[PDB]
Structure formats: C-alpha cells, structure tokens
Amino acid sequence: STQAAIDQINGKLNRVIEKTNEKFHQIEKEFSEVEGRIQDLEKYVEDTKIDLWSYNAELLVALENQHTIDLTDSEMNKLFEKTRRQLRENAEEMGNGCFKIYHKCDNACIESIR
C-alpha cells in the first residue's frame, strides 16, 4: 500500500504533466495562428493604403494633363507632394518620376481575411 500509494501519486502526477504539456503546445499553435492573422491584416492595411494613395497621385496627374489644375501652384503643389511622398516611402522609385507598387498581401493572404 505505501508503495501502491506512491505508485499512484506518481501515476496521477504524470497524467498532469502529459495533459498540461499538450495543452501548452496547443496554446503555442493558436499564438502562431493569431500572430499569423495580424501580420496578414497589417499587410492588407498597407496594400489598401498605397492603392488609395496611388490613385490620388494619378488623379492629380490626370487633371494636370487636360490642364484642369496647376500643380506648380502652391496650395496645390502641397497636396501633390503629399501623394508623391507616400509613393516614395511605399514603392520602388524607378527612373525619376516613376514608381513600382509591390503588394504585400497576396491572394492567399487576402483570403485568410474572410
């Protein structure tokens, strides 16, 4: 019996190690998924943002072609540079006056977002 008793406590106690060990691995897996969504969601917010800013620059570049607006004018030059800044900070500057917008959130990533 004392032996039996010690044998039991040791059996019970190994159940606990085993249960807790596994639950921890589960918790580690969920953490990876969650942090997974977050890094996708933020890639999307980023992609979303350069889309809208790249449109803004385009619209300006559209209106100055049909001479609807003056981009050298000051008040208007501000706005124009506001859009050109975002483009530089968030896109590949090719030959002066061009940009290559690379999207960070691909189709698969856009998907997790659903």
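In this text, residue numbers run from 1 along the sequence as written.
For the pair 85-93 and 55-63, the record assigns the higher mean C-alpha temperature factor to 85-93.
Here 44-52 and 67-75 are compared by their mean Cα B-factor, and 67-75 comes out higher.
Highest C-alpha temperature factor among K19, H25, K12, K104, as the PDB entry reports it: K104. In the deposited entry, the Cα temperature factor of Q3 sits in the middle third of values across the chain's modelled residues.
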